[PDB]
6 protein chains.
Amino acid sequence: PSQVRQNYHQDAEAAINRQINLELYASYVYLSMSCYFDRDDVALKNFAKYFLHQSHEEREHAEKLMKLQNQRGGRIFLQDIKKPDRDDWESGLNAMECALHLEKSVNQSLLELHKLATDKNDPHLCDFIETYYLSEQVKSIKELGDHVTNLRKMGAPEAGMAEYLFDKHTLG
Amino acid sequence: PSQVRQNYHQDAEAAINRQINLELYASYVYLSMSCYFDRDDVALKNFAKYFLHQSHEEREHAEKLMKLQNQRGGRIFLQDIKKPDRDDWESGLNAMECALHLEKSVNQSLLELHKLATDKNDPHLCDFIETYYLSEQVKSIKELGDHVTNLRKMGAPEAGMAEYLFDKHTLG
Amino acid sequence: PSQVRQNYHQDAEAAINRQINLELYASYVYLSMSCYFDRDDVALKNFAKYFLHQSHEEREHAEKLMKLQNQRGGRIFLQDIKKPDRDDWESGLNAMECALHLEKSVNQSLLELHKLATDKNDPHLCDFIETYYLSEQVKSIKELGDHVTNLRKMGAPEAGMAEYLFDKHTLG
Amino acid sequence: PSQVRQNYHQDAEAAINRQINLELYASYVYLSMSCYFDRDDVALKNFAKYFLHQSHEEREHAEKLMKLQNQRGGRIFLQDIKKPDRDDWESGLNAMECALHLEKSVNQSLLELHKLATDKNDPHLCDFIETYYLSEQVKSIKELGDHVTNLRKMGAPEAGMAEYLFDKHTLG
Amino acid sequence: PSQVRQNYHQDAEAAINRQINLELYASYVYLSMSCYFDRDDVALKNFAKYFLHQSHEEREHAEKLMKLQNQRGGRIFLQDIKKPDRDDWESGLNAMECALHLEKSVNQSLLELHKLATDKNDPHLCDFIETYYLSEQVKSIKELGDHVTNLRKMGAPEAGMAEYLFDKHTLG
Amino acid sequence: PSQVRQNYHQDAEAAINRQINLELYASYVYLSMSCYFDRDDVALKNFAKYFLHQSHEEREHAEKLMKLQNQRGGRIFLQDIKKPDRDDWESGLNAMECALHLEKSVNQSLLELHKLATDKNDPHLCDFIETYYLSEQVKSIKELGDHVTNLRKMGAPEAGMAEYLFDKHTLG
Ligand SMILES: [Fe+3]
Ligand SMILES: [Zn+2]
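Residues numbered from 1 in each chain as written, not as in the entry; some residues may be left out. Chains lettered and ligands numbered in written order. Part of a larger assembly, values for the part shown. Heavy atoms only, no water.

Glancing now at the relation of the copies chain A and chain C. Turning chain A through 90° and shifting it by 0.0 Å along the axis lays it on chain C, with an RMSD of 0.1 Å. Considering both components of the superposition, the chain copies are consistent with a four-fold axis. For chain A, the residue whose C-alpha comes nearest the rotation axis is A:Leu165, separated from it by 6.0 Å. (Least-squares fit on C-alpha atoms.)

Quick look at the structure:
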């Protein structure tokens, strides 16, 4: 056992590794979205910038989980970062909806992680999750819901000016 | 259900609405205290300023609860803000004691809210409450206890100079 | 009678208390509108900011009325702040129209207050009203009329881009 | 009962007093380590500075705990601060290992305190512990583990240049 | 013997260790006073700040004695820091009187230390004591006498405003 | 065919996608190395920082390849980022050797990419590779060779002070 490990259940370590993989996958999905919006035939620069920022934020969340794992004496066991479920995201609105679904799934994973840490009576793990990931997930999910709502009202994707003007105003 | 709603129990939403109403009522009570101390026949400008600041802080707490409600996909259902239980607060000491009682009741409501969020396994709600309201309630209750203790020792309300000097020194 | 009171009719005192309640109610209604526009399924951040500013301005108007009441030796008697007539304001255009109606009603109340103060020959009360509330009410009513006109011409709420672009340009 | 006390179990008060004593004892032990490394025949100035900083941080932790106890209406009951288990810490590596053991024991005490506060449904106490002591304990334990690991790899204490160079580089 | 030790009698080393313990005990007593004055039911913030400053100054005096012990080649042998004689100090005036008694006892200990260092013909120890502790003790004892005199004249503790106004003016 | 695509062979598109995957894998491997060196039982902060910087640089290289693919009208097709071949890198010297091998393999892939772009007569692709990846690969491979040489000469890993001093001086 690690010299620093204390009140850090093994299955909490495994859940943290799984959450690290999930955050890396979310970063990869956001990178895919950014790439799709950097396409010449999509050409939504602010959508691409927003999703690239989300990808970097997800990578930072993963790195923070790795730092937490090392802090608690757990060992990081990296897995394959699965490819995003598709390459063509088909619209700014569809990409925002997929990002909302991804952040809701990541929030569900973090909620299960917090539940596990509570069951194992790991107050530091619970505090770390609720301080650095749960509030961030709620804020990101609310922002994505706002984006999806605005795009839907604007008439996206059918209304071609909708996505362009959302790119300029909301994301620019 | 709201597109952003996740792990947000209906009764947690109802408790948040009730807490919003309670914070608005506390703001109204503090406004009443400030108005009472702005009276010509009371004329405690720093008591009035202190209670006006408390009223604005309570309004900000309510607004933050509304922001949380919207963040979690819950719907804000505002109720009548009941009038404060009295218009004449009868002294700086009595007003401070009533403010202490009000903050204790608001803290009890927040504690019940945290208990409900814990029973419903809403870690984000628990973290939000404990981060933005429980520490603030403890600090405010301690400050009000200090104010009441100092006013009682100084001889308020019978010692008419006690309230004036507390207004100038502690609240000024 | 208050030592500072002179040429302040009791019915003027009651009218000022009623106006304080009405301004607090207007603040509450504007807060409700801001909450509605902070919803994930509405997501009009500048509408929410505008109505929150209106709510804070109405609260400041009530605070100034209470300061006036204390200045004149009258006694502030706070009443229940009634719940806003609805929680779902159903559109930016509808919210602006309801705000216009609310400000017109508040202006009518202030006009009746000025008429009363003129009847009781209270020149200071009349000057206070016309200096701090009548001009503000006219300006706010004109601004709300402009907002409603622009939203109606834009095609709101049927034109989904109308409310979004009004949010960005006029309110942003 | 203190006028500010609310949802503060007496046994939580006793546990906080015990944690006060434990943090003061940790401060005393760190002071002893700093003194040992300020010895002419040890002469590790950065080890002494590091352990003096740890002692002052432990004293600040105890001060914050007593501020919390007063904030919650509990009564601080100070006990004898037991002398450190020894005066000669016999090496930088041994002192770092003893500091790691001390911080692990303090973290275990804080974990038991958080468990008790959770059992007594004291969300403010739990939040205070996790916000100000659990994260700090994890960080300090990780830092001490890093220091011990680096000293062991360097060959300390047998390799006499190991402790000196760790003093200069890591602690300097 | 320590390589640096020179003209440093063994009993001078023991007296320095005893004085280190006494200064740590004085720091602990001042910490207890500060905690008592941070209580909600006495709530004298400037009394608490003054006694916390005294506690930190006593800790610094102890640290300087440890530095002197190491400088002279003596070995620091820490003992249990006895708990303060009581937790409830019962008043600002009583706390100031107890602090005066504590500083006079510490001054007596330092005077005996200087007497011993003179008997052992340790001019450096005598100079260190008279330069860093005797003048400080005389100044602190005079300040505490002034505080006690002012509180007694003001009518403390019976005069409730006495302690509050001394807290504000002298200690604030 | 993309409206912007010109002189961009399908083989070049596929090779760019493969190089994107390889750069992402290199970033993942560097992240694994950084995490390994952030372990309590490794505790080489500058090794961890160096490998984290390498991981971020590899991610930036991948992002630049994605930008190039979109610029040329090719379509980014992301694949699974395979887990690094090991989790425990077992040494600073071993990690540097593995990084050298990884950068040599990435440089070989880039060289094959340049060979393909030359065979397909894609001068812009060749220029992009040789301007942004070949010089960087040569510089990184030389730096890693220098690091490995210095660690080997220092006696790493057997000389436990070797890795620590390389961490402080070369990487710090
Ligand atoms: Fe060196
Ligand atoms: Zn002293």
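Right, picking up where we left off after that structure.
Right, let's talk about the packing of helix 2 (residues 45-71) of chain A against helix 1 (residues 10-37) of chain F for a bit. Closest axis-to-axis distance for the helix 2 of chain A/helix 1 of chain F pair is 10 Å, and the angle between their directions is 30°. With respect to each other, helix 2 of chain A and helix 1 of chain F are oriented roughly parallel. Regarding helix 2 of chain A and helix 1 of chain F, the two cross each other, and that crossing is right-handed. Residue-level inspection shows A:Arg59, A:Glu63, A:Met66 and A:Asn70 of helix 2 of chain A in contact with helix 1 of chain F, the latter providing F:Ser27, F:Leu31 and F:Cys35. When its residues are assigned to classes, the contact of helix 2 of chain A with helix 1 of chain F shows three nonpolar, two polar and two charged. (Axes fitted to C-alpha atoms, helices over the stretch in contact; angles between N-to-C directions. Helix = DSSP H or I, 4+ residues; strand = E, 2+ residues; numbered from the N terminus. Parallel < 35°, antiparallel > 145°, perpendicular 65-115°, else oblique. Left-handed = near helix turned anticlockwise from the far one by under 90°. Contact = heavy atoms within 4.5 Å. Nonpolar A, V, L, I, M, F, W, Y, C, P; charged D, E, K, R; others polar.)

Right, let's get into the coordination of the zinc ion (ligand 2). All names here are of chain E. Ligation of the zinc ion (ligand 2) by protein atoms is provided by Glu-23 (OE), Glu-58 (OE) and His-61 (ND1), these donors lying 2.3 to 2.8 Å from the ion. Sequence spacing of the donors to the zinc ion (ligand 2): E-x34-E-x2-H. Placement of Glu-23 in helix 1 (residues 10-37) and of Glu-58 in helix 2 (residues 45-71) is noted, with a sequence separation of 35 residues between them. (Donors = N, O, S within 2.8 Å, 3.2 Å for Na, K, Ca; no water.)

Between chain E and chain D, which share one sequence, the superposing operator has a rotation angle of 180° and an axial displacement of 0.0 Å; the RMSD is 0.1 Å. Both copies of the chain, as the preceding transformation shows, are related through a two-fold rotation axis. Judged by C-alpha distance, E:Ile81 is the residue of chain E that lies nearest the rotation axis, at 2.5 Å. Taken together, the interface assignments show that 100% of the residues at the interface of chain E recur at the interface of chain D, consistent with an identical surface on both copies.

Bringing the interface of chain A and chain C into the picture now. Listed by partner, the interface residues are 14 residues for chain A and 14 residues for chain C. Contact between chain A and chain C buries roughly 1100 Å² in total, counting both sides, with carbon and sulfur atoms accounting for 60%. If you look at where chain A meets chain C, you find one salt bridge. Ionic pairing is found between A:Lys142 and C:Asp38, a salt bridge with its closest N-O pair at 3.9 Å. Between the two partners, chain A and chain C, sit five residue pairs in polar contact. Elements supplying a minimum of two residues to the side of chain A that touches chain C: helix 4 (123-154) and helix 5 (160-169) of chain A. (Buried area = accessible area lost by both parts, 1.4 Å probe. Salt bridge = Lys/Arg side-chain N within 4 Å of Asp/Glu carboxyl O. Polar contact = N/O pair within 3.5 Å; in protein donor to acceptor, adjacent residues only side chain to side chain.)

Below, the discussion takes up the interface of chain E and chain D. With 34 residues of chain E in contact, the opposing surface of chain D contributes 34 residues. Summed over both sides, the interface between chain E and chain D buries roughly 3000 Å², with carbon and sulfur atoms accounting for 48% of that surface. Of the charged contacts, one joins E:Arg75 and D:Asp40 as a salt bridge, the two residues approaching to 3.1 Å between their closest N and O atoms. Where chain E touches chain D, the interface holds 27 residue pairs in polar contact. Contributing elements (two or more residues each) for the side of chain E that touches chain D: helix 1 and helix 2 of chain E. Tallied by class, residues from the side of chain E that touches chain D come to 12 nonpolar, 10 polar and 12 charged.

Before going further, it helps to examine the UniProt feature "binding site: Fe cation 2" in chain A. Residue and element names in this part refer to chain A. In the UniProt entry, the feature "binding site: Fe cation 2" is given for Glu-58, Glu-103 and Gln-137. Their sequence span is 80 residues, while the largest C-alpha to C-alpha distance among them is just 10.5 Å; these annotated residues converge on one region. When its relative accessible area of 1% is taken as the criterion, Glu-58 is described as buried. Along the chain, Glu-103 falls in helix 3 (residues 92-119). We classify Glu-103 as buried; its relative accessible area is 0%. Apart from residues lying up to four places away in sequence, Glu-103 is in contact with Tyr-30, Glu-58, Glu-136, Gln-137, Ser-140, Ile-141 and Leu-144. Side-chain polar atoms of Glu-103 contact the side chain of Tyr-30, separated by 3.0 Å. (UniProt positions renumbered as here; feature names shortened; annotations may be inferred. Buried < 20%, exposed > 50% of the residue type's maximum accessible area, 1.4 Å probe, protein only.)

In total, this model carries 77 salt bridges over all chains according to the counting rule given. Residue B:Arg5 pairs with B:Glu13 through a salt bridge whose shortest N-O separation is 3.1 Å. Assigned by exposure class, B:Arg5 and B:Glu13 land together as buried. A cluster of three or more residues bridged by salt bridges with shared partners is formed by A:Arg39, A:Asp40, A:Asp41, A:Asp88 and F:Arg75.

In the structure shown here, the tally under the stated rule is 57 aromatic pairs over all chains. The interplanar angle of 45° and the centroid separation of 5.3 Å between the aromatic rings of A:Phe128 and A:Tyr133 together place this pair among those described as tilted. The class for A:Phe128 is buried, based on a relative accessible area of 8%. Measuring from centroid to centroid gives 6.4 Å for B:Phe47 and B:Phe51, while their planes differ by 35°, and the two rings are tilted. On the criterion of helical spacing, the pair formed by B:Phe47 and B:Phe51 is a turn pair, its members being four residues apart in helix 2 (residues 45-71). The same class applies to B:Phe47 as to B:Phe51, namely buried. Cluster of aromatic residues (ring-pair linked, three or more members): A:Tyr30, A:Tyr36, A:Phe37, A:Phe47, A:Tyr50, A:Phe51, A:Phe166 and C:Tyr164. Here the basic side chain of B:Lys64 rests over the ring of B:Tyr132, its NZ or CZ set 3.6 Å away from the ring centre. (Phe/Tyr/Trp six-rings, centres within 6.5 Å; stacked < 30°, edge-to-face > 60°. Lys NZ or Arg CZ within 6 Å of the ring centre and 35° of its normal.)

Here the focus is helix 5 (residues 160-169) of chain C. For helix 5 of chain C, the tally of buried residues reaches eight of 10 residues, placing the bulk of the element in the interior. Along helix 5 of chain C, the residues that are buried comprise C:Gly160, C:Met161, C:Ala162, C:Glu163, C:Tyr164, C:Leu165, C:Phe166 and C:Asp167. For helix 5 of chain C, the elements touching its buried residues are helix 4 and helix 5 of chain A together with helix 2 (45-71), helix 3 (92-119) and helix 4 (123-154) of chain C.

To continue, consider the arrangement of the chains. One finds no contact between chain A and chain E; the C-alpha atoms of the two approach each other to within 28 Å at their closest. Separating chain C from chain F is a minimum C-alpha gap of 29 Å, and the two share no contact.

A word on unusual backbone geometry. Here C:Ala156 and C:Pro157 are connected by a cis peptide whose omega angle stands at -5°. Within the element layout of this structure, C:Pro157 appears in the loop between helix 4 and helix 5. Non-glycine residue B:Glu90 carries a positive phi angle of around 75°. Position of B:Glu90 relative to the elements: it lies in the loop between helix 2 and helix 3 (92-119).

A word on the side chain of B:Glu63. Considering the arrangement of structural elements, one finds B:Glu63 in helix 2. At a separation of 2.7 Å, a polar atom in the side chain of B:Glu63 contacts the side chain of C:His56. Apart from the residues within four sequence positions on either side, B:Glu63 is in contact with C:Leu31, C:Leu52 and C:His56.

On to the environment of D:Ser27, then. Turning to its location among the elements, D:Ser27 is positioned in helix 1 (residues 10-37). Among the residues examined, D:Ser27 registers a relative accessible area of 0% and is labelled buried. Taking C-alpha positions, D:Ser27 is 18 Å from D:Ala15, a pair spaced 12 residues apart along the chain. Those residues in contact with D:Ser27 that sit more than four places away from it in its chain are D:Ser55, D:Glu58, D:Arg59 and E:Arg59.

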